[PDB]
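In the block that follows, a single chain appears as structure tokens, in the form deposited in one PDB entry.
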């Protein structure tokens, strides 16, 4: 009631709390709000001459294991490295990335895999979001892992004062959000292709359809009064807190809320602000446990549903929903769609045989909104942090699992179903090689036959198909099972030796005896 009035009231409620903050608890909240960024100087200085030259040339955007932010920071490093080369050199040494696509050299990936460790910012809210709160996951340096733990414990203890039974229902809190923070997929096609000031009604129904609940595993920083959207801020959350939600007052009319809260999506509409269309999200704070309960129930249902269809013992734990972030209900809902597309597009006998092979190794299909290095099915078989990978999808042979990360975007994929089919291609590759040699299991694509076929047809299909034999097989396998016939034909057409090689590996799997 009165924007300035609302502000003043909330501030006063928290006034004593703010006055009691130590210079330590006050520096902590500042660190939480403004993460400590790596110094570009320090980084470049730590490199040797050869590494500088490598970093200088390397096709940064070619890496499939780096976030945009990490790709970008690295590109500034690249500029500074050449920030002392002729204009022509600079224009030339960058005007070839146009027709540039070269899955990096092994020696390039190794270098970047290690450099990625040195370019991380100290970001408490990101750590929590990336791990879904599972802050002991061995996805970062032990020493840094412990500092995060301490800061987080320290911040949890500061945020002890509830909003109160007087204010909760008397105030809405706000949050602007970039759609790409929940769905990088819908995000790049949910703003009307033609008129950017509008929302595509088709997608919006998509988005909305399955948006029932959301979790915050980090500390939401919310505005006491709604703020005009910035650039890519097409989501405008209107949040109602529970009488017992803990928070702290932040200068400039903001609140930091306690981590691990649950939210119930009450209404989602398309609304108009300053002549542009925005998506309004009305949410209500509820206990996380009440949402974790919906998730565990959805997990049990999907497994019982599939254990029957795939004829496995009912109690079989095949599917895991490792869900902790703000687009939670979508990840759950998405898994149903994906497994349906998978079944509607691949011979039932291929599905059963391969899925049984995974099950025999205690494999899983992991649908998640936390980064892949934090999924035990990967990390328990990858001690070296530099070899751990975050990406749209992953197949881990050692654990016979498929990991599929919801929020990210895969290379030239239309949807998550397709990422899944590609991952299943990896599993098919594994099983086939196994069938040929149970006494020395190896991947079919490691066969001399396929290797020669790769050296010949390896570049005929997707750019991503060129990365290596394994991926080429997975990409052909995916395309051979697309929902669009044209794609299925181009493989048989443009890559007949591969097509026949896969169909032959499919036939072999189907024919083998139990």
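Throughout, rigid core stands for the largest set of C-alpha atoms superposing within 1.5 Å between the two forms. Numbering follows the first chain given and starts at 1.
- Residue 90 is a gap in at least a third of the other entries compared, counting only those with both neighbours built.
- Among the other PDB entries of this protein that were compared and that flank it with modelled residues, residue 361 is modelled in all, so it is never left out in a third of them.
- Per the PDB record, of the two stretches 378-386 and 137-145, 378-386 carries the greater mean B-factor over its C-alpha atoms.
- When 28-36 is weighed against 450-458, 450-458 comes out higher, by mean CA B-factor as recorded in the entry.
- Ranking 429, 130, 341, 437 by the C-alpha B-factor listed in the PDB entry places 437 at the top.
- When the C-alpha B factors of 240, 78, 399, 161 are read from the deposited coordinates, the top value falls at 78.
- For residue 18, the recorded CA B-factor ranks within the lowest third of the chain. Only modelled residues enter the ranking.
- The PDB entry assigns residue 231 a C-alpha temperature factor belonging to the highest third of its chain's modelled residues.
- Remark: residue 183 belongs to the highest third of its chain, ranked by C-alpha B-factor as recorded.
- Among all modelled residues in this chain, the alpha-carbon of residue 11 has a temperature factor (C-alpha) in the lowest third.
- Residue 194 sits in the highest third of its chain by CA B factor, as recorded in the PDB entry.
Missing here is the form deposited in another entry; even so, the following discussion is about that form.
- Of the candidates 453, 66, 461, 43, the Cα that moves 2 angstroms or more after core superposition between this form and the one not shown belongs to 66 alone.
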